[PDB]
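Trainee: Pasting protein-v6.tsv below, which is TSV, C-alpha atoms.
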chain	number	residue	atom	x	y	z
V	15	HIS	CA	25.32	60.75	-41.19
V	16	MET	CA	28.11	59.18	-39.17
V	17	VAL	CA	29.12	55.53	-39.61
V	18	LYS	CA	31.51	53.62	-37.38
V	19	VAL	CA	33.30	50.90	-39.37
V	20	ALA	CA	35.75	48.39	-37.91
V	21	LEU	CA	38.51	46.89	-40.10
V	22	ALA	CA	39.24	43.28	-39.15
V	23	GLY	CA	41.59	40.68	-40.58
V	24	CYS	CA	44.28	38.06	-40.03
V	25	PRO	CA	47.87	39.32	-39.85
V	26	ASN	CA	49.41	40.27	-43.24
V	27	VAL	CA	46.32	40.56	-45.44
V	28	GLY	CA	46.90	44.18	-46.52
V	29	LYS	CA	44.77	45.68	-43.76
V	30	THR	CA	47.15	48.59	-43.01
V	31	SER	CA	47.50	49.44	-46.70
V	32	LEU	CA	43.71	49.50	-47.10
V	33	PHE	CA	43.32	51.63	-43.95
V	34	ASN	CA	45.87	54.12	-45.33
V	35	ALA	CA	44.26	54.27	-48.78
V	36	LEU	CA	40.87	55.00	-47.23
V	37	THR	CA	41.93	57.61	-44.61
V	38	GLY	CA	45.01	59.20	-46.19
V	39	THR	CA	46.68	61.44	-43.61
V	40	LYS	CA	43.35	61.85	-41.82
V	41	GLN	CA	44.34	59.34	-39.14
V	42	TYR	CA	46.18	59.28	-35.85
V	43	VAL	CA	47.76	56.70	-33.56
V	44	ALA	CA	46.96	56.17	-29.87
V	45	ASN	CA	46.80	53.25	-27.43
V	46	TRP	CA	43.92	50.91	-26.81
V	47	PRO	CA	42.49	51.70	-23.34
V	48	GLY	CA	44.58	50.46	-20.41
V	49	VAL	CA	47.15	48.75	-22.62
V	50	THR	CA	50.27	49.53	-24.64
V	51	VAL	CA	48.75	48.16	-27.87
V	52	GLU	CA	48.61	50.79	-30.62
V	53	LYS	CA	45.32	51.89	-32.15
V	54	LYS	CA	44.95	53.51	-35.57
V	55	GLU	CA	41.75	55.42	-36.22
V	56	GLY	CA	40.73	57.81	-38.96
V	57	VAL	CA	38.03	59.55	-40.94
V	58	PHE	CA	36.87	59.96	-44.51
V	59	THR	CA	33.72	61.27	-46.14
V	60	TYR	CA	31.74	59.61	-48.90
V	61	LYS	CA	28.53	60.95	-50.46
V	62	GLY	CA	27.43	62.84	-47.35
V	63	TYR	CA	28.45	60.11	-44.90
V	64	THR	CA	31.29	60.68	-42.45
V	65	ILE	CA	33.01	57.38	-41.78
V	66	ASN	CA	35.07	56.73	-38.66
V	67	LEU	CA	37.32	53.81	-39.56
V	68	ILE	CA	38.90	51.91	-36.68
V	69	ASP	CA	41.68	49.41	-37.38
V	70	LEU	CA	41.48	46.30	-35.19
V	71	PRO	CA	44.58	44.29	-34.29
V	72	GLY	CA	45.34	41.38	-36.64
V	73	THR	CA	43.74	38.12	-35.42
V	74	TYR	CA	43.76	34.53	-36.62
V	75	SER	CA	40.90	33.87	-34.24
V	76	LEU	CA	38.87	35.95	-31.80
V	77	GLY	CA	39.04	33.09	-29.29
V	78	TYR	CA	42.81	33.13	-28.73
V	79	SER	CA	44.30	34.34	-25.44
V	80	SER	CA	46.75	37.09	-26.48
V	81	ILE	CA	45.95	40.77	-25.90
V	82	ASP	CA	45.51	41.48	-29.62
V	83	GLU	CA	42.62	39.01	-29.95
V	84	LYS	CA	41.04	40.05	-26.63
V	85	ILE	CA	40.99	43.63	-27.88
V	86	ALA	CA	39.37	42.70	-31.19
V	87	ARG	CA	36.89	40.27	-29.64
V	88	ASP	CA	35.83	42.69	-26.90
V	89	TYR	CA	35.40	45.53	-29.38
V	90	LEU	CA	33.24	43.38	-31.66
V	91	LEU	CA	31.12	42.08	-28.75
V	92	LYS	CA	30.47	45.63	-27.54
V	93	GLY	CA	28.90	46.44	-30.92
V	94	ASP	CA	29.89	50.12	-31.20
V	95	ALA	CA	30.76	49.55	-34.86
V	96	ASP	CA	27.87	49.87	-37.33
V	97	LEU	CA	29.48	47.31	-39.65
V	98	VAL	CA	32.70	45.40	-40.21
V	99	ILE	CA	34.99	45.24	-43.19
V	100	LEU	CA	36.87	41.95	-43.15
V	101	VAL	CA	40.08	42.27	-45.12
V	102	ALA	CA	40.95	38.96	-46.77
V	103	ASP	CA	43.88	37.55	-48.72
V	104	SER	CA	42.76	36.38	-52.21
V	105	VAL	CA	45.64	33.96	-52.73
V	106	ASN	CA	45.11	31.99	-49.53
V	107	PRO	CA	41.63	32.81	-48.19
V	108	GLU	CA	41.22	29.90	-45.75
V	109	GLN	CA	42.27	31.77	-42.57
V	110	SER	CA	40.21	34.82	-43.57
V	111	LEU	CA	37.11	32.69	-44.23
V	112	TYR	CA	37.51	31.02	-40.85
V	113	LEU	CA	37.72	34.42	-39.12
V	114	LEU	CA	34.69	35.56	-41.15
V	115	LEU	CA	32.59	32.75	-39.62
V	116	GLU	CA	33.57	33.93	-36.14
V	117	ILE	CA	32.87	37.58	-36.89
V	118	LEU	CA	29.45	36.77	-38.37
V	119	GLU	CA	28.54	35.39	-34.95
V	120	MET	CA	28.99	38.87	-33.43
V	121	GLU	CA	28.07	41.16	-36.32
V	122	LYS	CA	25.94	40.23	-39.33
V	123	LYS	CA	26.81	43.40	-41.25
V	124	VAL	CA	30.11	42.42	-42.85
V	125	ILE	CA	31.78	43.34	-46.16
V	126	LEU	CA	34.57	41.11	-47.43
V	127	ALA	CA	37.38	43.17	-48.97
V	128	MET	CA	39.72	40.95	-50.97
V	129	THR	CA	43.32	42.08	-51.41
V	130	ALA	CA	46.35	40.83	-53.35
V	131	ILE	CA	44.08	40.66	-56.40
V	132	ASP	CA	47.00	41.53	-58.72
V	133	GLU	CA	49.21	38.73	-57.38
V	134	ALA	CA	46.26	36.34	-57.33
V	135	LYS	CA	45.80	36.53	-61.11
V	136	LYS	CA	49.48	35.61	-61.45
V	141	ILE	CA	38.09	33.87	-58.04
V	142	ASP	CA	34.58	34.41	-59.36
V	143	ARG	CA	33.42	37.38	-57.28
V	144	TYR	CA	29.71	37.00	-57.96
V	145	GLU	CA	30.05	33.32	-57.04
V	146	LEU	CA	31.91	33.90	-53.77
V	147	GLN	CA	29.35	36.58	-52.89
V	148	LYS	CA	26.36	34.36	-53.73
V	149	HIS	CA	27.86	31.64	-51.56
V	150	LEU	CA	28.54	33.86	-48.56
V	151	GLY	CA	25.39	36.01	-48.58
V	152	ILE	CA	27.39	39.18	-47.96
V	153	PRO	CA	28.97	41.78	-50.30
V	154	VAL	CA	32.43	40.90	-51.62
V	155	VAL	CA	34.66	43.57	-53.15
V	156	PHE	CA	38.02	43.14	-54.88
V	157	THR	CA	40.43	45.89	-53.88
V	158	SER	CA	43.86	47.24	-54.65
V	159	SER	CA	45.14	49.87	-52.23
V	160	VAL	CA	47.80	50.79	-54.80
V	161	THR	CA	45.64	51.63	-57.82
V	162	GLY	CA	42.45	52.39	-55.92
V	163	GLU	CA	40.63	49.59	-57.74
V	164	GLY	CA	37.52	48.56	-55.81
V	165	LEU	CA	37.65	51.39	-53.27
V	166	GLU	CA	34.62	53.17	-54.74
V	167	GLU	CA	32.66	49.87	-54.70
V	168	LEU	CA	33.76	49.31	-51.08
V	169	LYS	CA	32.56	52.75	-49.98
V	170	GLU	CA	29.32	52.22	-51.87
V	171	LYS	CA	28.80	49.01	-49.87
V	172	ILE	CA	29.51	50.81	-46.59
V	173	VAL	CA	26.74	53.34	-47.24
V	174	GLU	CA	24.34	50.54	-48.28
V	175	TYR	CA	24.77	48.83	-44.91
V	176	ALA	CA	24.60	52.21	-43.14
V	177	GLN	CA	21.02	52.54	-44.41
Could you write out this file's structure as structure tokens?

Mentor:
Amino acid sequence: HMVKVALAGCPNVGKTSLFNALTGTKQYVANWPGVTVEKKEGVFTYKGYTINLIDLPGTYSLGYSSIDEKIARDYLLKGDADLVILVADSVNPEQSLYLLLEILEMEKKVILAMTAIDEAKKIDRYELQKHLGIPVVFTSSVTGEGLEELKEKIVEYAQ
């Protein structure tokens, strides 16, 4: 099967690192349609599923007026993605949780991928997940921690 998965997040939450760890060199850069804003897109396979991962511009809010947010908002409204992975900073999750509320308006199928889990130690996952009613995965792009659990969640939504 094919699955289209959008990666969303505020600026500086490790979204590029996570994108790179998932796609490796199987990615390429182009421009979003009609604008100069760069688009990264890539592919990986997991357990028979081919996943097209599209990196959305960083956004504090989908409602803002800059081109970055218009791009992300428009893409999420036109629900081409099958699900969304929201990349979130573990140390300071407030902005990510705000964005999550906005995204849930447009797409109910969301996975929360927490980053900076190593620094953070220096959150009860099951508790955060029970609260939110969506899967929450703790990831480290560097060690690969949590990436298997993330991909497993992608295929669960896909079905």

Trainee: With only C-alpha atoms as the counted atoms, please give the residues lying no more than 9 Å from residue 173 in chain V, apart from itself and same-chain residues fewer than 6 positions off, as a PyMOL selection string.

Mentor: chain V and resi 17+60-61+63

Trainee: Have a look at CA of residue 124 in chain V and CA of residue 16 in chain V and let me know their distance in Å, one decimal.

Mentor: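 So the two atoms, CA of residue 124 in chain V and CA of residue 16 in chain V, lie 17.3 Å apart.
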
Trainee: I'd like the interatomic distance between CA of residue 70 in chain V and CA of residue 142 in chain V, to a tenth of an Å.

Mentor: 27.8 Å

Trainee: Nearest to residue 101 in chain V among V:128, V:115, V:141, V:81, with distances taken over all atoms listed in the file: which residue is it?

Mentor: V:128

Trainee: Using all atoms listed in the file, collect all residues at a distance of at most 8 Å from (28.6, 45.1, -43.4) as written in the file, then present them as a count of residues only.

Mentor: 13

Trainee: What's around residue 112 in chain V at 12 Å? Count all atoms listed in the file, leave out sequence neighbours fewer than 2 positions away in its own chain, and write the answer as a PyMOL selection string.

Mentor: chain V and resi 23-24+73-77+100+102+106-110+114-119

Trainee: Once you count only C-alpha atoms, what closest atom pair and distance in Å to one decimal does each residue of range 72-103 of chain V within 12 Å of range 41-54 of chain V have, with rows by chain and rising residue number, as a Markdown table?

Mentor:
| residue | atom | partner | partner_atom | distance |
| --- | --- | --- | --- | --- |
| V:72 | CA | V:53 | CA | 11.4 |
| V:80 | CA | V:51 | CA | 11.3 |
| V:81 | CA | V:51 | CA | 8.1 |
| V:82 | CA | V:51 | CA | 7.6 |
| V:83 | CA | V:51 | CA | 11.2 |
| V:84 | CA | V:46 | CA | 11.2 |
| V:85 | CA | V:46 | CA | 7.9 |
| V:86 | CA | V:46 | CA | 10.4 |
| V:88 | CA | V:46 | CA | 11.5 |
| V:89 | CA | V:46 | CA | 10.4 |

Trainee: Take the selection from the previous step and output its residues with C-alpha atoms, as a compact mmCIF listing (two decimals), keeping the file's coordinate frame.

Mentor:
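To be explicit, this is the file written out as part_29.txt:
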# COMPACT_ATOMS: atom_id res chain seq x y z
CA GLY V 72 45.34 41.38 -36.64
CA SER V 80 46.75 37.09 -26.48
CA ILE V 81 45.95 40.77 -25.90
CA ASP V 82 45.51 41.48 -29.62
CA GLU V 83 42.62 39.01 -29.95
CA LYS V 84 41.04 40.05 -26.63
CA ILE V 85 40.99 43.63 -27.88
CA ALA V 86 39.37 42.70 -31.19
CA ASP V 88 35.83 42.69 -26.90
CA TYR V 89 35.40 45.53 -29.38

Trainee: Under the rule that all atoms listed in the file are counted, which of V:92, V:160, V:105, V:176 is the nearest residue to residue 136 in chain V?

Mentor: V:105

Trainee: Between V:40, V:148, V:143, V:87, which residue has the minimum interatomic distance to residue 59 in chain V, considering all atoms listed in the file?

Mentor: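 Of V:40, V:148, V:143, V:87, the one nearest residue 59 in chain V, counting all atoms listed in the file, is V:40.
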
Trainee: One decimal, Å: what's the distance from CA of residue 65 in chain V over to CA of residue 78 in chain V, could you say?

Mentor: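 Rounded to one decimal, the two atoms are 29.2 Å apart.
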
Trainee: With N, CA, C and O atoms as the goal, would you fill in the gaps in range 162-174 of chain V and present it as a short mmCIF file (atom, residue, chain, number, x, y, z; two decimals), in the coordinates of the input?

Mentor:
data_model
loop_
_atom_site.label_atom_id
_atom_site.label_comp_id
_atom_site.auth_asym_id
_atom_site.auth_seq_id
_atom_site.Cartn_x
_atom_site.Cartn_y
_atom_site.Cartn_z
N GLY V 162 43.76 51.92 -56.33
CA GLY V 162 42.45 52.39 -55.92
C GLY V 162 41.33 51.53 -56.47
O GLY V 162 40.15 51.82 -56.25
N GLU V 163 41.67 50.48 -57.22
CA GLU V 163 40.63 49.59 -57.74
C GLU V 163 39.75 49.10 -56.59
O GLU V 163 40.25 48.73 -55.53
N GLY V 164 38.44 49.11 -56.80
CA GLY V 164 37.52 48.56 -55.81
C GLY V 164 37.19 49.45 -54.63
O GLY V 164 36.27 49.13 -53.87
N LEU V 165 37.90 50.56 -54.45
CA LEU V 165 37.65 51.39 -53.27
C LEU V 165 36.32 52.12 -53.35
O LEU V 165 35.66 52.31 -52.34
N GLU V 166 35.93 52.54 -54.55
CA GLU V 166 34.62 53.17 -54.74
C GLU V 166 33.49 52.16 -54.43
O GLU V 166 32.54 52.47 -53.72
N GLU V 167 33.63 50.94 -54.96
CA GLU V 167 32.66 49.87 -54.70
C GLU V 167 32.58 49.51 -53.21
O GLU V 167 31.52 49.19 -52.70
N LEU V 168 33.72 49.57 -52.53
CA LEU V 168 33.76 49.31 -51.08
C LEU V 168 32.99 50.39 -50.31
O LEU V 168 32.18 50.09 -49.42
N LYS V 169 33.24 51.65 -50.64
CA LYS V 169 32.56 52.75 -49.98
C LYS V 169 31.08 52.73 -50.28
O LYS V 169 30.26 53.09 -49.44
N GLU V 170 30.73 52.32 -51.50
CA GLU V 170 29.32 52.22 -51.87
C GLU V 170 28.65 51.16 -51.00
O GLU V 170 27.52 51.34 -50.53
N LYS V 171 29.35 50.06 -50.73
CA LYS V 171 28.80 49.01 -49.87
C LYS V 171 28.64 49.47 -48.42
O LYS V 171 27.69 49.08 -47.75
N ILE V 172 29.59 50.26 -47.94
CA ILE V 172 29.51 50.81 -46.59
C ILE V 172 28.22 51.61 -46.43
O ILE V 172 27.48 51.39 -45.47
N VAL V 173 27.95 52.52 -47.36
CA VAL V 173 26.74 53.34 -47.24
C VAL V 173 25.45 52.51 -47.38
O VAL V 173 24.44 52.86 -46.78
N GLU V 174 25.50 51.43 -48.15
CA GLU V 174 24.34 50.54 -48.28
C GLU V 174 23.98 49.89 -46.94
O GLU V 174 22.82 49.86 -46.54
#
